[PDB]
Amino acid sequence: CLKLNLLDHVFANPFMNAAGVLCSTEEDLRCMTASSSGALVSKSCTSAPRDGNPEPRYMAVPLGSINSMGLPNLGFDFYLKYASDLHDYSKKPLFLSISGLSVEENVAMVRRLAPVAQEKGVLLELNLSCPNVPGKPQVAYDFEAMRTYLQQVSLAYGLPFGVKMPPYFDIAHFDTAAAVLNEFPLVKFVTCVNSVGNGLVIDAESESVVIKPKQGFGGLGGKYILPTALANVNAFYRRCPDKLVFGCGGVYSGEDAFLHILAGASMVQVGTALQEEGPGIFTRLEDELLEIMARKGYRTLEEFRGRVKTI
């Protein structure tokens, strides 16, 4: 079975959407809850509604996707209200991603989320890796900034929560990031990873960048970022032994999800692939993941999670 118990919650399966994909509106959330996904995470929100960056801000490309959405969301209020009143937790666990543009904006939000998570069970995913807000660089790329955010969020939230991490490409950054992460016992999970910040897709024909925000610089997702995502899931799975690592990046197949789990992933989030395929992808991913586990003789996810064989 693909079931698993994480953060005092039961998950039909490890699949769920990657924050920002089909989880902005009540309808996306209701669809995600309706899908066969093991859980769902709401759009990374801020205090007030955000129109996001100017369009075109998302482009589906052959190897995945580039995007500079710019945290377009219906506002914390809505998502908190969804978590507190609209979500049917009998259906599946809900993760509410937050992404205040300042540590105090995040603190202000988690204080309000606290009583709801306390009462509802909604799980907080602190997004410290948005690479698409102009003027706002991935917070988790600034280690002390991240350290502060977590001290401030831990303090004001006082409940278990996770952090959506930006991909790191330096072994030292793997070490340091995990060092920071491990100083916070409330950080029960880290989601690896967020879009590979600030890629640039150029259309040769038009000789123009494909997205409008930040001169075409946006987060890369999809096939492009799989090896990078697996590295981070694994790097942090090893470094953060007392925490759960949620895999995210380049998942299109049960095989991809399998490598993620093999890499140490508990939950496996699907961004780009979901963006293009729709919630139906989860049933497919689950079947695919099961066909594989079948072949390999794995009855449970635990049997092979983080069991990637090295040479």
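Residue numbers here begin at 1 and follow the sequence given.
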* Report the stretch with the higher mean CA temperature factor, choosing between 62-70 and 25-33 on the basis of the entry. => 25-33
* Entry-level comparison of average CA B-factors, 173-181 and 118-126, reporting the higher stretch -> 118-126
* To do: Tell me which of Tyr168, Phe76, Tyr82, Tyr237 tops the list for C-alpha B factor in the record.
  => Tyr82
* Structure fact -> So, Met16's CA B-factor, relative to its chain, sits in which third? The middle
* Taking the chain's C-alpha temperature factors as the reference, tell me which third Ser253 falls into: lowest, middle or highest. => highest
* Structure fact -> In terms of its chain's C-alpha B-factors, the third that includes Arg284 is the highest
* Sorting the chain's CA B-factors, does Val196 end up in the lowest, middle or highest third? -> middle
* In terms of the chain's CA B-factor thirds, is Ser42 lowest, middle or highest? -> middle
